[PDB]
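**Student:** First the structure, which I've put down as structure tokens, then a few questions once you've had a look.
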Amino acid sequence: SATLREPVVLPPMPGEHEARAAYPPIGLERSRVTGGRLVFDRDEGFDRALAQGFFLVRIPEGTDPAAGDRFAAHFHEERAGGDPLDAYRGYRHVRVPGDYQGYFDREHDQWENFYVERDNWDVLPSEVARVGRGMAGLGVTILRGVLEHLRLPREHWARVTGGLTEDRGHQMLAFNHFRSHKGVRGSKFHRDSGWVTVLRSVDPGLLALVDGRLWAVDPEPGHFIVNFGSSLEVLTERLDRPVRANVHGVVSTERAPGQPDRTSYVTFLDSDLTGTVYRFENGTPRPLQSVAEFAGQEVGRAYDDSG
Ligand SMILES: CC[C@H](C)[C@@H]1NC(=O)[C@H](CC(C)C)NC1=O
Ligand SMILES: O=C(O)CCC(=O)C(=O)O
Ligand SMILES: [Fe+2]
């Protein structure tokens, strides 16, 4: 396959406590959307963020995470009965049509997921879908800002991003509940499959694996964490400034009785799943692989799933 990239040895995932002091945090560049575009605080911040593959972006004022935070804390629970909050529960029993969508009980990971692409956001409380709309819209603006910063000619963008820069593509809100009762890794070490991931988290536990070094990626109040995905990496790997999709994963979280579990949620921006994966070679975006086969490949690596 033309999109494999070179092998990455994945170490066992450390426990939360031992990781907390052993692996110091990456220093992330800060940025915000202002004047209608992504702007970094520091003059070389954009270049450093593309090289780092992680950075921070201010939560835009029109995006209030509150409803998403509440949904993330409850979606995995059984309905209580006679309880208004049940509107935010029971989603392990909610079917969502489409590949890679719906509820997932990951056998070998702490997390269980509820994944909903934008065309299916009516299955969510409207106020929760509204958070996904703000995060995904931010993610598209960031993607536009990246491709402009790379000076990639705009005539290519809609094709090579499978519609994302035209606000189409596969835009997926993803809720994670880390089941602290499971004595395994929080997640597998993985690359995200797509272009730009916007991550809402408040707790430590995310690690970056970079050329055999483990470093923490710590959230910052009032900001999202942003990283890049394998589709952007493959697109740019032969260019003079390649963009890195970092390998990352969540520690085996540790919670005593009564301590709330870790949660997080993201918007993944993937190419349209009927499209093609491209790589710039000799100025031209070369078609390498269908997005369908690429997705199956990348999802197959990101989880240890016998089905
Ligand atoms: C690849 C693994 C990571 C955690 C995440 N999981 C998914 O299922 C989607 C699949 C995409 C093709 C819609 N993308 C992602 O980045
Ligand atoms: O929970 C986190 O900090 C990261 C989650 C993540 O990597 C993912 O959802 O793909
Ligand atoms: Fe991820």
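Residues are referred to by chain and number: the chain letter is A, B, ... according to the order shown in the structure tokens, the number counts from 1 in that chain, and ligands are numbered separately from 1 in the order shown.
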As a quick test: using only C-alpha atoms and all ligand atoms, which residues lie no more than 8 Å away from ligand 3? Give them as a PyMOL selection string.
**Tutor:** chain A and resi 190-192+197+248-249
**Student:** Might you pull out every residue within 12 Å of residue 269 (chain A), with only C-alpha atoms counted and same-chain residues fewer than 4 positions away left off, and present them as a PyMOL selection string?
**Tutor:** chain A and resi 116-118+132-133+135-143+161-165+167-174+192-199+226-232+273
**Student:** What would the file look like if the residues just selected were written as a compact mmCIF listing (two decimals), in the first residue's frame with N, CA and C atoms?
**Tutor:**
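part24.txt, freshly written:
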```txt
# COMPACT_ATOMS: atom_id res chain seq x y z
N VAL A 116 -20.47 10.45 15.73
CA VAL A 116 -21.62 10.88 14.92
C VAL A 116 -21.13 11.87 13.87
N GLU A 117 -21.26 11.49 12.59
CA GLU A 117 -20.97 12.41 11.51
C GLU A 117 -22.11 13.41 11.34
N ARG A 118 -21.76 14.60 10.84
CA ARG A 118 -22.67 15.75 10.80
C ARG A 118 -24.02 15.42 10.15
N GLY A 132 -20.70 20.67 18.23
CA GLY A 132 -19.95 20.04 17.15
C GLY A 132 -19.85 20.96 15.95
N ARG A 133 -20.90 21.76 15.71
CA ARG A 133 -20.89 22.67 14.57
C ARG A 133 -19.80 23.72 14.72
N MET A 135 -17.04 23.45 16.64
CA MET A 135 -15.72 22.83 16.56
C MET A 135 -15.35 22.45 15.12
N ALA A 136 -16.28 21.83 14.40
CA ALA A 136 -16.00 21.43 13.03
C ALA A 136 -15.71 22.66 12.15
N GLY A 137 -16.53 23.72 12.29
CA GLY A 137 -16.30 24.95 11.55
C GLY A 137 -14.94 25.57 11.81
N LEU A 138 -14.55 25.62 13.08
CA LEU A 138 -13.17 25.97 13.44
C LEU A 138 -12.15 25.10 12.71
N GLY A 139 -12.37 23.78 12.73
CA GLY A 139 -11.45 22.84 12.10
C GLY A 139 -11.28 23.08 10.61
N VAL A 140 -12.37 23.44 9.93
CA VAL A 140 -12.28 23.78 8.51
C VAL A 140 -11.49 25.06 8.30
N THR A 141 -11.73 26.08 9.13
CA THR A 141 -10.96 27.32 9.06
C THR A 141 -9.48 27.03 9.27
N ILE A 142 -9.16 26.21 10.27
CA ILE A 142 -7.76 25.83 10.49
C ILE A 142 -7.20 25.12 9.26
N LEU A 143 -7.96 24.19 8.68
CA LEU A 143 -7.46 23.46 7.53
C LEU A 143 -7.16 24.42 6.39
N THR A 161 -8.86 17.39 -0.40
CA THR A 161 -9.43 17.24 0.93
C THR A 161 -10.80 16.58 0.90
N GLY A 162 -11.18 15.99 -0.23
CA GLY A 162 -12.47 15.30 -0.29
C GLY A 162 -13.63 16.18 0.13
N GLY A 163 -13.60 17.47 -0.23
CA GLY A 163 -14.70 18.39 0.04
C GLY A 163 -14.57 19.24 1.30
N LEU A 164 -13.64 18.88 2.20
CA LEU A 164 -13.59 19.56 3.50
C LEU A 164 -13.42 21.07 3.35
N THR A 165 -12.53 21.52 2.45
CA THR A 165 -12.35 22.96 2.36
C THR A 165 -13.55 23.68 1.76
N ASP A 167 -16.45 22.90 2.98
CA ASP A 167 -17.39 22.61 4.08
C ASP A 167 -18.28 21.43 3.74
N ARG A 168 -17.73 20.49 2.99
CA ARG A 168 -18.33 19.17 2.83
C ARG A 168 -17.42 18.14 3.51
N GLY A 169 -17.13 17.01 2.89
CA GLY A 169 -16.31 16.02 3.56
C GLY A 169 -17.08 15.29 4.67
N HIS A 170 -16.31 14.61 5.50
CA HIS A 170 -16.83 13.74 6.55
C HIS A 170 -16.43 14.42 7.87
N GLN A 171 -17.41 15.04 8.54
CA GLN A 171 -17.13 15.88 9.69
C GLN A 171 -17.78 15.20 10.89
N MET A 172 -16.96 14.67 11.79
CA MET A 172 -17.49 13.73 12.78
C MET A 172 -17.24 14.21 14.20
N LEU A 173 -18.31 14.33 14.98
CA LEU A 173 -18.20 14.61 16.40
C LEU A 173 -18.03 13.28 17.13
N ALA A 174 -17.09 13.23 18.07
CA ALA A 174 -16.67 11.96 18.63
C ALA A 174 -16.55 12.12 20.13
N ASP A 192 -4.57 9.96 14.04
CA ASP A 192 -5.93 10.23 13.55
C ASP A 192 -5.87 10.15 12.04
N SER A 193 -6.98 9.72 11.42
CA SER A 193 -6.95 9.35 10.00
C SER A 193 -7.02 10.56 9.07
N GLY A 194 -7.57 11.66 9.56
CA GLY A 194 -8.04 12.71 8.67
C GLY A 194 -7.10 13.88 8.47
N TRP A 195 -7.62 15.10 8.65
CA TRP A 195 -6.88 16.31 8.29
C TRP A 195 -6.53 17.13 9.53
N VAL A 196 -7.53 17.69 10.20
CA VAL A 196 -7.38 18.53 11.39
C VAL A 196 -8.33 17.97 12.43
N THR A 197 -7.80 17.62 13.61
CA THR A 197 -8.60 17.19 14.75
C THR A 197 -8.67 18.33 15.77
N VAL A 198 -9.88 18.67 16.22
CA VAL A 198 -10.07 19.67 17.27
C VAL A 198 -10.51 18.95 18.53
N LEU A 199 -9.72 19.07 19.61
CA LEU A 199 -9.90 18.21 20.78
C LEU A 199 -10.26 19.03 22.00
N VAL A 226 -5.15 21.04 19.04
CA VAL A 226 -5.30 20.74 17.61
C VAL A 226 -4.16 19.83 17.18
N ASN A 227 -4.48 18.78 16.44
CA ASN A 227 -3.42 18.01 15.80
C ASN A 227 -3.84 17.68 14.38
N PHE A 228 -2.95 17.01 13.66
CA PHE A 228 -3.21 16.73 12.27
C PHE A 228 -3.35 15.23 12.11
N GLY A 229 -3.92 14.84 10.97
CA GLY A 229 -4.21 13.45 10.69
C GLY A 229 -3.41 12.90 9.51
N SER A 230 -3.57 11.58 9.31
CA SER A 230 -2.76 10.87 8.31
C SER A 230 -3.03 11.37 6.90
N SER A 231 -4.24 11.88 6.60
CA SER A 231 -4.53 12.33 5.24
C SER A 231 -3.71 13.57 4.89
N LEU A 232 -3.58 14.50 5.84
CA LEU A 232 -2.75 15.68 5.64
C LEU A 232 -1.27 15.31 5.57
N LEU A 273 -15.86 9.83 2.23
CA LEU A 273 -15.43 8.42 2.24
C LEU A 273 -15.54 7.75 0.87
```
**Student:** Can you list, as a PyMOL selection string, every protein, DNA or RNA residue that comes within 8 Å of residue 209 (chain A) when you count only C-alpha atoms, leaving out same-chain residues fewer than 2 positions away?
**Tutor:** chain A and resi 189+207+211-215+246-248
**Student:** Output as a Markdown table one row per residue of chain A within 6 Å of ligand 1: the closest atom pair and its distance in Å to one decimal place, counting only C-alpha atoms and all ligand atoms, sorted by chain and residue number ascending.
**Tutor:**
```
| residue | atom | partner | partner_atom_place_in_ligand_line | distance |
| --- | --- | --- | --- | --- |
| A:100 | CA | ligand 1 | 8 (O) | 5.0 |
| A:192 | CA | ligand 1 | 16 (O) | 3.4 |
| A:193 | CA | ligand 1 | 16 (O) | 3.9 |
| A:194 | CA | ligand 1 | 16 (O) | 5.6 |
| A:268 | CA | ligand 1 | 16 (O) | 6.0 |
| A:270 | CA | ligand 1 | 13 (C) | 5.9 |
| A:295 | CA | ligand 1 | 12 (C) | 4.3 |
| A:298 | CA | ligand 1 | 1 (C) | 5.3 |
| A:299 | CA | ligand 1 | 1 (C) | 4.4 |
| A:302 | CA | ligand 1 | 2 (C) | 4.9 |
```
**Student:** Just write the chosen residues, N, CA, C and O atoms, as a compact mmCIF listing (two decimals), in the first residue's frame.
**Tutor:**
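Once everything was written out, this is part_36.txt:
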```txt
# COMPACT_ATOMS: atom_id res chain seq x y z
N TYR A 100 -18.06 3.47 10.54
CA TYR A 100 -17.27 4.07 11.61
C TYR A 100 -18.08 4.97 12.53
O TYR A 100 -17.50 5.73 13.30
N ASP A 192 -4.57 9.96 14.04
CA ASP A 192 -5.93 10.23 13.55
C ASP A 192 -5.87 10.15 12.04
O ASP A 192 -4.83 10.42 11.44
N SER A 193 -6.98 9.72 11.42
CA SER A 193 -6.95 9.35 10.00
C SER A 193 -7.02 10.56 9.07
O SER A 193 -6.58 10.47 7.92
N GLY A 194 -7.57 11.66 9.56
CA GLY A 194 -8.04 12.71 8.67
C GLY A 194 -7.10 13.88 8.47
O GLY A 194 -5.92 13.69 8.13
N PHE A 268 -13.34 15.17 14.20
CA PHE A 268 -12.44 14.67 13.17
C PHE A 268 -12.90 15.18 11.81
O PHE A 268 -14.09 15.03 11.46
N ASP A 270 -12.38 14.32 8.06
CA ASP A 270 -11.91 13.34 7.11
C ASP A 270 -12.42 13.70 5.72
O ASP A 270 -13.41 14.41 5.57
N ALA A 295 -9.31 4.37 4.89
CA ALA A 295 -10.00 4.40 6.18
C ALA A 295 -9.92 3.04 6.84
O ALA A 295 -9.62 2.93 8.04
N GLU A 298 -6.47 2.53 8.22
CA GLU A 298 -6.07 3.35 9.36
C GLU A 298 -6.88 3.02 10.59
O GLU A 298 -6.34 2.99 11.70
N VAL A 299 -8.18 2.76 10.42
CA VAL A 299 -8.99 2.30 11.55
C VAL A 299 -8.52 0.94 12.02
O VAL A 299 -8.49 0.67 13.23
N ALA A 302 -5.62 1.65 14.35
CA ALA A 302 -5.87 2.50 15.50
C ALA A 302 -6.53 1.73 16.64
O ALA A 302 -6.41 2.12 17.81
```
**Student:** Nearest residue to residue 236 (chain A) out of A:146, A:177, A:182, A:40, using only C-alpha atoms?
**Tutor:**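 Of all the options, A:146 lies closest to residue 236 (chain A).
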**Student:** Pick out the closest residue to residue 52 (chain A) from this set: A:202, A:123, A:66, A:26. Count only C-alpha atoms.
**Tutor:**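 Checking each candidate against residue 52 (chain A), we get A:26 as the closest.
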**Student:** Given the choices A:109, A:61, A:305, A:78, which gets closest to residue 13 (chain A) if the distance is worked out from only C-alpha atoms?
**Tutor:**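 Closest candidate: A:109.
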**Student:** Using only C-alpha atoms, determine which residues lie at most 12 Å from residue 25 (chain A), disregarding the query and same-chain residues fewer than 6 positions distant; provide the list as number ranges by chain.
**Tutor:** A: 19, 54-55, 204-209, 213-220
**Student:** Near region 43-46 of chain A, within 12 Å and counting only C-alpha atoms, which residues show up once chain neighbours fewer than 4 positions away are dropped, as a PDB file with N, CA, C and O atoms, in the first residue's frame?
**Tutor:**
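In the end it all went to out34.pdb:
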```pdb
ATOM      1  N   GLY A  27       5.781  22.070  24.787  1.00  0.00           N
ATOM      2  CA  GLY A  27       5.379  23.466  24.831  1.00  0.00           C
ATOM      3  C   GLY A  27       4.599  23.805  23.573  1.00  0.00           C
ATOM      4  O   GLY A  27       5.190  23.808  22.493  1.00  0.00           O
ATOM      5  N   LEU A  28       3.290  24.071  23.679  1.00  0.00           N
ATOM      6  CA  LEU A  28       2.427  24.276  22.514  1.00  0.00           C
ATOM      7  C   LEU A  28       2.337  25.755  22.147  1.00  0.00           C
ATOM      8  O   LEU A  28       2.193  26.612  23.019  1.00  0.00           O
ATOM      9  N   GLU A  29       2.358  26.031  20.846  1.00  0.00           N
ATOM     10  CA  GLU A  29       2.078  27.379  20.359  1.00  0.00           C
ATOM     11  C   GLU A  29       0.607  27.707  20.556  1.00  0.00           C
ATOM     12  O   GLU A  29      -0.260  26.851  20.345  1.00  0.00           O
ATOM     13  N   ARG A  30       0.323  28.960  20.922  1.00  0.00           N
ATOM     14  CA  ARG A  30      -1.053  29.403  21.077  1.00  0.00           C
ATOM     15  C   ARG A  30      -1.475  30.194  19.847  1.00  0.00           C
ATOM     16  O   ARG A  30      -0.646  30.815  19.169  1.00  0.00           O
ATOM     17  N   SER A  31      -2.775  30.123  19.547  1.00  0.00           N
ATOM     18  CA  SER A  31      -3.343  30.710  18.342  1.00  0.00           C
ATOM     19  C   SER A  31      -4.805  31.024  18.630  1.00  0.00           C
ATOM     20  O   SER A  31      -5.387  30.582  19.633  1.00  0.00           O
ATOM     21  N   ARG A  32      -5.396  31.815  17.742  1.00  0.00           N
ATOM     22  CA  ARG A  32      -6.836  32.038  17.837  1.00  0.00           C
ATOM     23  C   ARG A  32      -7.321  32.330  16.428  1.00  0.00           C
ATOM     24  O   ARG A  32      -6.523  32.622  15.531  1.00  0.00           O
ATOM     25  N   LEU A  38      -6.978  31.843  11.093  1.00  0.00           N
ATOM     26  CA  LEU A  38      -6.131  31.362  12.182  1.00  0.00           C
ATOM     27  C   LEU A  38      -4.916  32.258  12.313  1.00  0.00           C
ATOM     28  O   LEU A  38      -4.189  32.469  11.338  1.00  0.00           O
ATOM     29  N   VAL A  39      -4.675  32.781  13.513  1.00  0.00           N
ATOM     30  CA  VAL A  39      -3.504  33.618  13.768  1.00  0.00           C
ATOM     31  C   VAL A  39      -2.758  33.106  15.004  1.00  0.00           C
ATOM     32  O   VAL A  39      -3.342  32.960  16.086  1.00  0.00           O
ATOM     33  N   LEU A  50       3.193  23.396  12.744  1.00  0.00           N
ATOM     34  CA  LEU A  50       3.143  22.375  11.701  1.00  0.00           C
ATOM     35  C   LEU A  50       4.222  21.324  11.905  1.00  0.00           C
ATOM     36  O   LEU A  50       4.015  20.130  11.620  1.00  0.00           O
ATOM     37  N   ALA A  51       5.381  21.767  12.375  1.00  0.00           N
ATOM     38  CA  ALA A  51       6.460  20.835  12.695  1.00  0.00           C
ATOM     39  C   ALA A  51       6.129  20.038  13.952  1.00  0.00           C
ATOM     40  O   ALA A  51       6.389  18.825  14.011  1.00  0.00           O
ATOM     41  N   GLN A  52       5.576  20.712  14.976  1.00  0.00           N
ATOM     42  CA  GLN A  52       5.260  20.024  16.225  1.00  0.00           C
ATOM     43  C   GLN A  52       4.125  19.035  16.036  1.00  0.00           C
ATOM     44  O   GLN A  52       4.108  17.972  16.679  1.00  0.00           O
ATOM     45  N   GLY A  53       3.164  19.366  15.169  1.00  0.00           N
ATOM     46  CA  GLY A  53       1.997  18.554  14.944  1.00  0.00           C
ATOM     47  C   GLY A  53       0.946  18.665  16.034  1.00  0.00           C
ATOM     48  O   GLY A  53      -0.032  17.890  16.012  1.00  0.00           O
ATOM     49  N   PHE A  54       1.150  19.546  17.024  1.00  0.00           N
ATOM     50  CA  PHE A  54       0.166  19.855  18.071  1.00  0.00           C
ATOM     51  C   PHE A  54       0.255  21.339  18.371  1.00  0.00           C
ATOM     52  O   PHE A  54       1.362  21.892  18.413  1.00  0.00           O
ATOM     53  N   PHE A  55      -0.887  21.982  18.654  1.00  0.00           N
ATOM     54  CA  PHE A  55      -0.848  23.363  19.135  1.00  0.00           C
ATOM     55  C   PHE A  55      -2.180  23.647  19.840  1.00  0.00           C
ATOM     56  O   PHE A  55      -3.057  22.788  19.895  1.00  0.00           O
ATOM     57  N   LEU A  56      -2.310  24.855  20.379  1.00  0.00           N
ATOM     58  CA  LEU A  56      -3.505  25.291  21.098  1.00  0.00           C
ATOM     59  C   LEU A  56      -4.207  26.385  20.325  1.00  0.00           C
ATOM     60  O   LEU A  56      -3.549  27.251  19.726  1.00  0.00           O
ATOM     61  N   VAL A  57      -5.547  26.352  20.349  1.00  0.00           N
ATOM     62  CA  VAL A  57      -6.339  27.382  19.701  1.00  0.00           C
ATOM     63  C   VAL A  57      -7.431  27.805  20.682  1.00  0.00           C
ATOM     64  O   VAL A  57      -8.096  26.952  21.308  1.00  0.00           O
ATOM     65  N   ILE A 142      -9.159  26.207  10.267  1.00  0.00           N
ATOM     66  CA  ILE A 142      -7.762  25.826  10.491  1.00  0.00           C
ATOM     67  C   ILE A 142      -7.199  25.125   9.260  1.00  0.00           C
ATOM     68  O   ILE A 142      -6.076  25.419   8.826  1.00  0.00           O
ATOM     69  N   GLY A 145      -6.394  27.535   6.723  1.00  0.00           N
ATOM     70  CA  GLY A 145      -5.220  28.293   7.115  1.00  0.00           C
ATOM     71  C   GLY A 145      -3.931  27.520   6.918  1.00  0.00           C
ATOM     72  O   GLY A 145      -2.926  28.094   6.492  1.00  0.00           O
ATOM     73  N   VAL A 146      -3.946  26.209   7.197  1.00  0.00           N
ATOM     74  CA  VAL A 146      -2.762  25.363   6.986  1.00  0.00           C
ATOM     75  C   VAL A 146      -2.391  25.317   5.510  1.00  0.00           C
ATOM     76  O   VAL A 146      -1.224  25.482   5.139  1.00  0.00           O
ATOM     77  N   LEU A 147      -3.368  25.010   4.654  1.00  0.00           N
ATOM     78  CA  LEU A 147      -3.050  24.836   3.246  1.00  0.00           C
ATOM     79  C   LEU A 147      -2.563  26.138   2.626  1.00  0.00           C
ATOM     80  O   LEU A 147      -1.677  26.123   1.763  1.00  0.00           O
ATOM     81  N   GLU A 148      -3.161  27.267   3.029  1.00  0.00           N
ATOM     82  CA  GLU A 148      -2.661  28.579   2.621  1.00  0.00           C
ATOM     83  C   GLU A 148      -1.242  28.811   3.120  1.00  0.00           C
ATOM     84  O   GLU A 148      -0.387  29.320   2.380  1.00  0.00           O
ATOM     85  N   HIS A 149      -0.965  28.461   4.375  1.00  0.00           N
ATOM     86  CA  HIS A 149       0.383  28.676   4.913  1.00  0.00           C
ATOM     87  C   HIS A 149       1.419  27.849   4.155  1.00  0.00           C
ATOM     88  O   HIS A 149       2.555  28.299   3.928  1.00  0.00           O
ATOM     89  N   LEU A 150       1.034  26.653   3.734  1.00  0.00           N
ATOM     90  CA  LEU A 150       1.896  25.778   2.930  1.00  0.00           C
ATOM     91  C   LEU A 150       2.062  26.268   1.503  1.00  0.00           C
ATOM     92  O   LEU A 150       2.821  25.660   0.727  1.00  0.00           O
ATOM     93  N   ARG A 241       7.889  21.355   3.031  1.00  0.00           N
ATOM     94  CA  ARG A 241       7.508  21.513   4.434  1.00  0.00           C
ATOM     95  C   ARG A 241       6.428  20.473   4.742  1.00  0.00           C
ATOM     96  O   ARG A 241       5.232  20.782   4.632  1.00  0.00           O
ATOM     97  N   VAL A 243       3.798  18.033   6.716  1.00  0.00           N
ATOM     98  CA  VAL A 243       3.027  18.180   7.948  1.00  0.00           C
ATOM     99  C   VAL A 243       2.979  16.817   8.623  1.00  0.00           C
ATOM    100  O   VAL A 243       2.767  15.790   7.964  1.00  0.00           O
TER     101      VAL A 243
END
```
**Student:** Record the distance separating CA of residue 12 (chain A) and CA of residue 185 (chain A), expressed in Å with one decimal.
**Tutor:** 7.8 Å
**Student:** Using CA of residue 262 (chain A) and CA of residue 179 (chain A) as the two end points, give the distance in Å to one decimal.
**Tutor:**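 Rounded to one decimal, the two atoms are 7.8 Å apart.
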**Student:** Would you please work out which residue, of A:187, A:274, A:126, A:63, is nearest to ligand 2 when using only C-alpha atoms and all ligand atoms?
**Tutor:**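 Ranking A:187, A:274, A:126, A:63 by distance to ligand 2, first place goes to A:187.
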**Student:** Would you please give, as a ChimeraX atom specification, all residues of region 43-265 of chain A that DSSP assigns to alpha helix (DSSP H) based on the backbone?
**Tutor:** /A:45-52,66-74,126-149,157-160,230-236
**Student:** Please give the complete set of residues from region 108-293 of chain A that DSSP, run on the backbone, assigns to strand (DSSP E or B), formatted as a VMD selection string.
**Tutor:** chain A and resid 111 to 117 170 to 178 190 196 to 200 206 to 210 213 to 217 223 to 228 247 to 250 252 263 to 270 276 to 281 284 to 290
**Student:** Find the distance between CA of residue 225 (chain A) and CA of residue 24 (chain A) and write it in Å to one decimal.
**Tutor:**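 Calculated distance between CA of residue 225 (chain A) and CA of residue 24 (chain A) is 16.6 Å.
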